[PDB]
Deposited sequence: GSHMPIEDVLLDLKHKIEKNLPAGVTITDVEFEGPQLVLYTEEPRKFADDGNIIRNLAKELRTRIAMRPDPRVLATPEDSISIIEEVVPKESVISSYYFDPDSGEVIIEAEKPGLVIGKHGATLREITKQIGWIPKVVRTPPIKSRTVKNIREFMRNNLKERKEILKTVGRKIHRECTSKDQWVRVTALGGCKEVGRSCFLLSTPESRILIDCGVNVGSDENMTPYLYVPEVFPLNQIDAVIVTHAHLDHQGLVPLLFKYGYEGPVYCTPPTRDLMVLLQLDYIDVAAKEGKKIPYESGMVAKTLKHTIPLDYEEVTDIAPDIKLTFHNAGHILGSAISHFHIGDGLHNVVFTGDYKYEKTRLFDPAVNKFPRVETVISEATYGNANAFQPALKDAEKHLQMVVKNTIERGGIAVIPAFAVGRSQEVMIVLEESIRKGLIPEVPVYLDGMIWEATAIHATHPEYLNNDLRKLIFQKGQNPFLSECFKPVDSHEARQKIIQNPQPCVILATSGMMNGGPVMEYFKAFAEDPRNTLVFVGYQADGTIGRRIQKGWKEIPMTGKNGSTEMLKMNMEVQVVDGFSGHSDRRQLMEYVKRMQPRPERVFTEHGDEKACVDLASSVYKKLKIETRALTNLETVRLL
């Protein structure tokens, strides 16, 4: 292996840059990173400048780690505040403390001295995520395979370039002139990157992206998969890639990682109970997680010999990213927005549109229609409060379909506040179908929220919220109807517990059904919102329907236009996707017309050349 020889060259380079007294054992490419192993980690914990002075002269991302838990936990517990938990990752120990300042750098220095492990102290989450813990245990149980997969991915990233050609192009494999099954191929002569691989949203659930075409098969030709955010319509078929023999990395933000596992296991579990087609088994979710490499916002990451990736805040859901790809030594820069919201919301900061360079933007277009404004945050809230207030005060209960992550959380923040300020009546807000576990995960990723929510996490711990995922518990809400609010899955009524709630509450006109975001073509929710009163399960709906389209987590028409208009630098092309046909085409020609930027709607199975 002539890659060993570039790692030796790197070892020796490093060794003559190191200060006296500091040694390393080995140097390895592990995923995106160059990793230095050391028998003296304390020395790197004390002087953070070595890694600075090292990365500097090497022009790359470098981590150090200890040369290779139950005795560590015990040695730490003597040496060290009210510690909730520990997690031994990279030779780090995460410590959860109610008072984190008391554990931190004199004392952190003394702790590393005695135990070697590097302490990362974190404030004890108000809520326990059972998913975060299961993933951590699963990663420990699979450390050997994981290290080996990182080595393989690493060496492939640092293979040498072999074409004397330069070009860049994007092929669409789903998510064009439709909402659903987003999946795109960015390719160069050296590299093929897959952005997203979603499930369909609409009439037919089985429909996948066009994965069987020469541009994607054989899957081993794929350098990486990027997941822009955790929504099923963007990650849901990533495990199918593995089923079909993909063996590279999946890159996403840390919260995406956690949500993706949650939503995936739930997808296939619900699919079994409801009796639909099950695209992959749970073993493929495990395989996807073993190949997942999280990256934080703003962390520039070599994912291929000629491609650097940087994630930025998208403002859509927890961990949602805008994906910037820097190709070559400044050959081209392309941004895939994923789903985004160019506006500060209760949970997140606005989508980012400042980049060192951007020649091409591929943007979503969900509210892309000329018509498609959505009410201001403040007005949407008052509207929700009034619909819910009125429903309760007259003895009805308010069913609000939602996704586990996305529309549910913003709705909860509004409700808790409203009840707290005596603006909706004190009444139980039931939460069904993984909403609550999804919310727990937010607590574990404070850095992915905006400043105000960060300081607050406390809304989500209100007495009002009552979770339910027991089926036995569901029936008690049903058998004793009693004025309340129900957030329940799934967000477009194509299935899930919201259908049980609906099957039983749709008859009394006193009740209300609250749509808080768009409902896509072909969905049950969409069909209801069009004033169909006969819904197949066949039972007739007399219940009030209100639409308070303020919590979708997407940029409205104005915001889509402002995002591109105010982008720095200004891009030379934009392409549109993730909207119904008219939405993509309307937004595209609007941007050409108003902003004079050449823009056009993508079509599934077309390939466009960027350079």
query: In sequence order, the deposited-sequence ranges that have no modelled C-alpha atom; finding: 1-3, 72-76, 89-91, 101-102, 118-120, 474-478, 559-566
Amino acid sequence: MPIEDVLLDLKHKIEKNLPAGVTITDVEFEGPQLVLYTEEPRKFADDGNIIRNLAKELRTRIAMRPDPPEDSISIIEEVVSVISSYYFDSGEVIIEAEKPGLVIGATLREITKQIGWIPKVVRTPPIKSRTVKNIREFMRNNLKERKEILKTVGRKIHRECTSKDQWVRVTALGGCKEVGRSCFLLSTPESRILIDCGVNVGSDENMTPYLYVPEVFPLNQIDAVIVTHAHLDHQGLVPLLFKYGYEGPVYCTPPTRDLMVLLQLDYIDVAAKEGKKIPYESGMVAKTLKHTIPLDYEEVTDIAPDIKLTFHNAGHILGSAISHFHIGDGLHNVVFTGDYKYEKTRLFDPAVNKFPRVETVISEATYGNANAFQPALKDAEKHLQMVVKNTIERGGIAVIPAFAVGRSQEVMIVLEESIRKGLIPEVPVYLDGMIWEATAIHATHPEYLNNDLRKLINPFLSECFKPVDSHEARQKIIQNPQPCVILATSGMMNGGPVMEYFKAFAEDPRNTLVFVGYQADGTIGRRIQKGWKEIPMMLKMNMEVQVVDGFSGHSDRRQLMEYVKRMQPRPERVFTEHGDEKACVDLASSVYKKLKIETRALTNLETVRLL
From here on, numbers count along this sequence of modelled residues.
property: Higher-scoring stretch by recorded Cα B factor average, 580-588 or 539-547; result: 539-547
property: Mean C-alpha B-factor comparison - 127-135 and 312-320, higher one; result: 127-135
property: Top Cα B factor in the deposited entry, candidates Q166, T345, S90, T444; result: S90
property: Out of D47, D26, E572, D556, highest CA B-factor residue; result: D47
property: Assigned third (lowest, middle, highest) for the C-alpha B factor of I51; result: highest
property: Chain-wide C-alpha B factor ranking for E416, given as lowest, middle or highest third; result: middle
property: Record-listed C-alpha B factor of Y518: chain third; result: lowest
property: B-factor third for the C-alpha atom of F325 within its chain; result: lowest
property: Third assignment of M64 from its chain's C-alpha B-factors; result: highest
